[PDB]
4 protein chains.
Amino acid sequence: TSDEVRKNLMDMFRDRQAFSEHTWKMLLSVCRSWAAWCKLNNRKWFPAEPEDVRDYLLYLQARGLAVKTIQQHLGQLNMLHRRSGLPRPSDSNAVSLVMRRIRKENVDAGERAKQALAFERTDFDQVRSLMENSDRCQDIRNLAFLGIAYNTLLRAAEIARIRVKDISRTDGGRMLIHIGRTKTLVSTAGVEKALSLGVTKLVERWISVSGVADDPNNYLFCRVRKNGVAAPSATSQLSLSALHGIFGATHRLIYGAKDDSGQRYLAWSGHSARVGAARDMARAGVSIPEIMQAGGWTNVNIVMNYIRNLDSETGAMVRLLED
Amino acid sequence: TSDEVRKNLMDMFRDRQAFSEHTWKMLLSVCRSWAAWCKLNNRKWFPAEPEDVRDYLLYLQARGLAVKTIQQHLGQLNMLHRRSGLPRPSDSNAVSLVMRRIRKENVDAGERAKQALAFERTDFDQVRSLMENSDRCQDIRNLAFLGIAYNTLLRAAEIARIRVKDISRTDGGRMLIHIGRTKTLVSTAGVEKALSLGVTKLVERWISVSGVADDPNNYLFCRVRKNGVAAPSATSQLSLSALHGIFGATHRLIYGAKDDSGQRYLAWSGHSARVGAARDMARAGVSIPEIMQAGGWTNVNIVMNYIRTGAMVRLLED
Amino acid sequence: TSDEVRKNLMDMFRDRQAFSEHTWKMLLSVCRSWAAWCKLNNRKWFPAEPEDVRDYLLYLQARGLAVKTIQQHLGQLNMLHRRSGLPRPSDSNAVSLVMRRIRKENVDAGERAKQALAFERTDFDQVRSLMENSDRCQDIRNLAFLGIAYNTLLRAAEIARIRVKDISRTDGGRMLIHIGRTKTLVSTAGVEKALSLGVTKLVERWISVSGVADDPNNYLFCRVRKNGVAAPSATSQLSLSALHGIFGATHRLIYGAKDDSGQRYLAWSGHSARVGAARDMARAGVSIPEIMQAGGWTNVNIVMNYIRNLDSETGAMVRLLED
Amino acid sequence: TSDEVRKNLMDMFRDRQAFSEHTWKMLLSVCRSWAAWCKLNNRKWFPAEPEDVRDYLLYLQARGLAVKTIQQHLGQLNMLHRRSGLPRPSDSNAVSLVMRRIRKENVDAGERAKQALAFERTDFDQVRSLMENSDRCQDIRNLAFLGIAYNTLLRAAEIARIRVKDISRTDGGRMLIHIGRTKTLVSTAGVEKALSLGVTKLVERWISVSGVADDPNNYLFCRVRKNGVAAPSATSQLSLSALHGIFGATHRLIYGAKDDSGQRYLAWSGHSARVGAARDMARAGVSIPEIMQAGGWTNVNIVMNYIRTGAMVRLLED
DNA sequence: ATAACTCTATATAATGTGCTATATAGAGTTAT
DNA sequence: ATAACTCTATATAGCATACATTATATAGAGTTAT
DNA sequence: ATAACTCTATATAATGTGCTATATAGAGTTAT
DNA sequence: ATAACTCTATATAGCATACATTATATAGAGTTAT
């Protein structure tokens, strides 16, 4: 079915906007890896043979990769074949059995899904107690950022996407922000966010120095060069990669040099403040709805994963036992 | 074989009644639209060719239609085919992928599935405070309808199906409405919707002045002519466009005539009370399970967007 | 596949205790009906042809039978074929479509599932206010019955199955009864039931007159002949059919002669007292667990169908509206 | 072909690890029992003949085995076959129907699936009031185990899998136990079970006197010898028969030696605390949803029989 | 002449069984 | 030269559409008892 | 010699993805 | 003769196992550091 398959991949290329760029990136990434392994192991990479895919999955595990990562591989390989008319590796008894086995084997060696390191009020006040005083342009900007981040629980991409026009001024000069936190359709279109007398002051400065207010198609956050000189733009926002940096560079300021070699959530990442505001909100007995919403989350099983080591969430059994 | 297909479809038309009348209306509406696009481009309408279907869908999207209508067209084309015993247009990559792309391209340019303007307690109470005083038959009917809509959360289509024989009472004197079929259920079990003492009265007055109780099998709701005379029927229902107009009329009453925009949902509509009651209940702190039994829902997902605090500014301001 | 089918039905006959006698009865009943219709309509009854089964289902509906009844037919026909190696009528597009259609059509003409006519406290006191005084042996017995029935919510079959040994004597001479209300395995084995100072007195008499206490392998309830003379037995209980009669004969005493011609729950049936005690228990805000259990019910959707026209159960919306 | 079958099964043995070790133990235990019955009656053990399988099942039932064991045999025989790529013995009327008949015949003669004797709060409190005072290592271990069992509702198999590295604290100073795999779940997500301040102490004392914290990857629980010396290990777990004996020993302590009957559940067992805690929670009025999060259950059915009032005598006595 | 529909069309939003018992009218059975 | 990014590519955590109907939304054109 | 296991066996009870983003170390890019 | 059933057969309301594992229950036989 070479002509069938040819037609299929042309279909795939013609309507490639059917998937997100990130999806294609991961697809490409898995194929390069699978292909490179087939080459090294003398195997045909396309179509993929059950037995070869199985050996690979084990090679992935022996590489000490996580279950969820091995899934992404299988997943990408399955889609490739499903999208080129060939049988999916998953629908093979040897790949179904081995994934199952590897899954069980890994969870039984302590495979732990990780999450972001909480950036809670305790850290906000702390970093605040360390920078509200500096005249450093990148220090005032970075303070605003973690101010917005923490206050609003907005996704990093949403903080970047922001523009000066998107900012209002409420009760006692408080601030508000017309946003958009939904990959649309049956959801919301936007949401509007408000600040506190605290982070409203922090941002004020950013505005004051950045001088960004000058061209309102401008974005609130912009790069700040080594001379401590900002650089507005209405056509370019700060890279997610940078926002992640403000978080990491900040953990370092307080905790210093990368830690316990090995990686993954060693410092605060872009989701830390959301993971942080959540617990705090839960720690003041707020509401899961007030929260779930407060962060735009739609299907709770995640928020809960965040507030799980908290005493509020201990469980009916501990309640009973402490009569 | 073209022979089963002639049969499979003939077999479908034989028991058309297994499907909503509105399912047929859309199937034929779609086939019409499609066959017309095929006739224009010199293409075979059936069986559909994946590439033809894909050009059609892109044509729709170019016509500026909603992602939801475009999907409606595809789903009808998929039912025709599948129930024919053939393979679904969606069964091919050209179609599968193009759809995703149209959605993605549309919803990444804004587009959102809208929802009706909410009709909540405050709205009810205001309309009632004004209409309560009318001795007009239309007014008494409309008010009773608006109360049931909001009280029960029933869909218009379902309220129009209420026959007099369907009402009963709790011992407390509250009206009970038996509900057979619904968008989400068709059983001899059905539901029993309880009205408030206030809404029960509103209904009682409507029955009284209308005479719909003359025949138990008469529909609860009917037309009332310019001379104020009702027009009860056991065979014909008050029309779906009528039930819709009660909602826009009422809204016209309080806020006046609607925009020149030609947009949808500029006033209340058949779904307004369902959406609004849904959240009045959220606000009231009702339990999602309860909010669910209200709107007869069986999952917990529409409930969810119908109502998407200052919790953080409060935590920060100490 | 005549030899295959022959083998299949021999299988069916060999292990026929695989199903309850009632099941076989209904099977036999449906086949007789289906067969008689095929004869009258010149059709082969076995195997059943989609088109013929479909015509039948419609004939069933035009007979004005209920949806649930038509299901029982299809159901029995499906099992026959499934249990003789032939295709099930259900797996045919014409029988799937027509059942669906007939279902919808019937629910849209007012097809109402019925249930038992409640035998609530109000009726107990009433009938009690009318018989506690009679010296009639069948009147004292019948009073005990509705006493047990109502108090315990036991299934009719359970009341019949009772034996004198199965009765104890608690706080202030109250009575108790070791029962069994489960078609076993992962359930209970028995349950023990207690009476009130009321129905404990009522039953006492039964015991006194019936003279049943004389041979404890005896059953509490026994037949009472026209001379008003009881007849004990340790090997024969009162027929469910009789117990149903005590209920019906009783409604008549209060409401007289069968009613509104047409049938189904016109008087109290064997389930009336359970349907009755339930609402009463719910009307005193008892508990669904206290109840569901009180009647042995395991999966709530039914108890609720019983307490649905009650003001307690009105719904969050009426609560809100009455602020 | 006999050729796929040789492969399908070879393929299963290759990745035996996809299944619980206990799944293999039973598969082989069953095949043993079956093959032995086949050898005795001059029958082919594989592939199984429906009629042979049916005689086997009736043989088991004649041996007086439980409906549940008989089903275990059939289910193992069905897995062998199905995972072989062949048809299941259960796939034939002879087998399907005989099973139903054995159940029906058995459960209509009494037979009930038993459940462990309950170990509730009162039982915990009593055992603790007595054992609390022991300075003995065994006693300190057993008490800490019994507390976790009851607190967490975890299965023994799962508690035996707790490694020191797995414990953490709430800020309140309560022990948190991370739970990877369970009878009902195998994910890198797993659960975090919180102990009470009281049970945390009990655990702390056990860790302290045992030295299991010498190696984070050491299992929480281990053997303690006659001389009171523990025996921590990162490779070997305290045995399932040991965990079971803690329960019977404890019970022996309070009520003395068990009947001569040879029946099951005459004393507490690995499941006792799960059953009892389950109902302590019912009594306490806990919410089934909550009772569910307790015992990690995802449906709502076992919860239900673990605890099967005088409501009517109260309504009647006025 | 018109209020108040109804109809028709396209456009778009919203949502989720198989075995056993029970009810009941009828026919049959016994003892009074 | 580097601070301060922006990109790349991979590891992994975190969602969200697709199916198959069934209904609503609403303007326009026709209907009928006044 | 033995307490306190462990093992082995049969017997029996109990229960429930595919696409997109994010994290992060690295390599590349500009302006200071 | 009938009251008082018991059976039959059908209409219909009301449940509850089967799948495929994965675990527990527990006695007996062996193990090892004391």
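Lettering of chains follows the sequences in order, A, B, ..., and the numbering in each one begins at 1. Any value given below was found using the heavy atoms of this structure, including those in side chains, with hydrogens, waters and symmetry copies removed.
Atom name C1', nucleotides F:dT17 and G:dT12: the rounded distance is 44 Å, in whole Å.
An OP1 or OP2 oxygen of G:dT15 is reached within less than 4.0 angstrom by a side-chain nitrogen or oxygen of D:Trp297. Regarding contacts with the backbone of E:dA23, every side-chain N or O of C:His244 stays at 4.0 angstrom or more from both OP1 and OP2. Applying the 4.0 Å criterion to OP1 and OP2 of E:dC19, one finds that D:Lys104 has every side-chain N and O outside that range. In terms of phosphate contacts, D:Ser29 brings no side-chain nitrogen or oxygen within less than 4.0 Å of OP1 or OP2 of G:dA9. Considering only side-chain N and O atoms, B:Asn299 lies nowhere under 4.0 angstrom from the phosphate OP1 or OP2 of E:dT15. The side chain of A:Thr23 contributes an N or O atom lying less than 4.0 Å from OP1 or OP2 of G:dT20. Side-chain nitrogen and oxygen atoms of B:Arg155 include at least one within less than 4.0 Å of the OP1 or OP2 phosphate oxygen of E:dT15. Phosphate contact (OP1/OP2 of G:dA25, side-chain N/O of A:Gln263, threshold under 4.0 Å): present. Listed pair B:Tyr306 / E:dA14 meets the phosphate criterion, a side-chain N or O lying under 4.0 Å from OP1 or OP2. Put simply, D:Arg103 has a side-chain N or O that comes within less than 4.0 Å of OP1 or OP2 on H:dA18. Put simply, A:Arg63 has a side-chain N or O that comes within less than 4.0 Å of OP1 or OP2 on F:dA11. Within the 4.0 Å cut-off from OP1 or OP2 of E:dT15, at least one side-chain nitrogen or oxygen of B:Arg274 is found. OP1 and OP2 of E:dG18 both lie 4.0 Å or more from every side-chain N or O belonging to C:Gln72. Contact between the side-chain N/O atoms of B:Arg88 and the OP1/OP2 oxygens of F:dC19 is found at a separation under 4.0 Å.
For C:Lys68, the side-chain hydrogen bond (donor to acceptor under 3.5 Å, both in side chains) partners two or more places apart in sequence, or in a different chain, are C:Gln71. Residues that satisfy the salt bridge (charged side-chain N to carboxylate O under 4.0 Å, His left out) test with D:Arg155, not counting sequence neighbours, are D:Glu158. Listed by chain and number, the residues in a ring pair (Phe, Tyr, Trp, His ring centres under 6.0 Å) with B:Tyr306 amount to none (sequence neighbours excluded). Remark: B:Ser29 engages no residue in a side-chain hydrogen bond (donor to acceptor under 3.5 Å, both in side chains) (not counting sequence neighbours). Under the rule for a salt bridge (charged side-chain N to carboxylate O under 4.0 Å, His left out), the partners of B:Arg181 that lie at least two apart in sequence or sit in another chain are C:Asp108. With sequence neighbours left out, the side-chain hydrogen bond (donor to acceptor under 3.5 Å, both in side chains) criterion links A:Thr23 to A:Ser20. Partners of B:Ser241 according to the side-chain hydrogen bond (donor to acceptor under 3.5 Å, both in side chains) rule, which considers only residues two or more places apart in sequence or in another chain, are B:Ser239.
Judged by a 6.0 Å distance limit and a 45° cone about the ring axis, D:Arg274 is not positioned over the six-membered ring of D:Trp268.
Counting all heavy atoms, side chain and backbone alike, D:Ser90 lies closest to D:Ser96 at O-OG, 2.6 Å. Shortest non-hydrogen contact noted between C:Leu266 and C:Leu117 is O-CD1, 4.0 Å. Taking each heavy atom of B:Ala267 and B:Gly248 in turn, the nearest pair found is CB-CA, 4.4 Å.
Looking at the side chain of D:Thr184, the nearest of the listed nucleotides E:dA9, G:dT15, F:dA13 is G:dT15. Side-chain proximity of A:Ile302 to F:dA23, H:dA11, F:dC15: nearest is F:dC15. The side chain of D:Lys68 lies closest to G:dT12 when the candidates are E:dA11, F:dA13, G:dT12. Distance from the side chain of C:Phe19 is smallest for E:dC19 among the nucleotides E:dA23, F:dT24, E:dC19. Across H:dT24, F:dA11, F:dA13, the shortest atom-to-atom separation from the side chain of A:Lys114 is found for F:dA13.
D:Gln71 places its CD atom 13 Å from the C1' atom of G:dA11, with the value rounded to the nearest Å. B:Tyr265 places its OH atom 16 Å from the P atom of E:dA11, with the value rounded to the nearest Å. The distance from atom CG of B:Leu28 to atom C1' of E:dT10 is 13 Å, rounded to the nearest whole Å. Look at CG on A:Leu74: it is 11 Å from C1' on G:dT17, rounded to the nearest Å. Following rounding to the nearest Å, A:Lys25 (NZ) and F:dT12 (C1') show an atom-to-atom distance of 17 Å. One atom, NE2 of A:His73, and another, P of F:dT12, lie 9 Å apart when rounded to the nearest Å.
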Next item on the list: Let me have a per-nucleotide readout for nucleotides 2-8 of chain H, 5' to 3', with B, S or -, counting only protein heavy atoms under 4.0 Å.
Entry: BSBSBB-

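Heavy atoms of D:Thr298 sit under 4.0 angstrom from primed sugar atoms or phosphate atoms, though from no base atom. As judged by a 4.0 angstrom heavy-atom cut-off over every strand, D:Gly296 is placed among residues touching the sugar-phosphate backbone only. Among the protein residues, B:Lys183 comes within range of the nucleic acid bases, having at least one heavy atom under 4.0 Å from a base atom. Residue C:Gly75 is out of contact with every strand shown, counting any heavy-atom pair closer than 4.0 Å. Looking at heavy-atom distances under 4.0 Å, D:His271 makes contact with sugar-phosphate atoms alone, never a base. Here B:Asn301 lies out of heavy-atom contact (under 4.0 Å) with every strand. Across all strands, A:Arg264 comes closer than 4.0 Å to base atoms (heavy-atom distances). Residue-level contact check: A:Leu65 touches the backbone only, with heavy atoms under 4.0 Å from sugar-phosphate atoms and none from bases. Note on A:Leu27: nothing from the nucleic acid sits closer than 4.0 angstrom, heavy atoms only. Across all strands shown, D:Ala231 has no heavy atoms under 4.0 Å from either base or sugar-phosphate atoms. Note on D:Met26: a base of the nucleic acid sits closer than 4.0 angstrom, heavy atoms only.
Stem regions annotated for DNA chain F: E:1-16 with F:19-34, F:1-15 with G:18-32, counting only runs of 3 or more consecutive pairs of Watson-Crick or G-U type with both contacts under 3.5 Å.
Looking at which nucleotide of DNA chain G each of A:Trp24 and A:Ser269 is closest to, the 5′-most match is held by A:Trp24. Remark on DNA chain H: of its neighbouring residues C:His22 and D:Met79, the 5'-side contact belongs to C:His22, judged by nearest-heavy-atom nucleotide.
Few gaps surround CG on C:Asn227; more than 12 heavy atoms of other groups in view lie less than 6.0 Å from it.
In E:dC5, the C1'-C2'-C3'-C4' torsion is positive, which places the sugar in the north family. Pucker assignment for G:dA9 gives north. The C1'-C2'-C3'-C4' angle has a positive sign.
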Notebook entry, point to check: Would C:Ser187 and D:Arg112 satisfy side chain to side chain contact (heavy atoms under 4.5 Å, CB included), going step by step from the backbone distance to the final call?
Noted result: CA-CA 7 Å; C:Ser187 49; D:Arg112 301 78 174 220; 5.7 Å; no

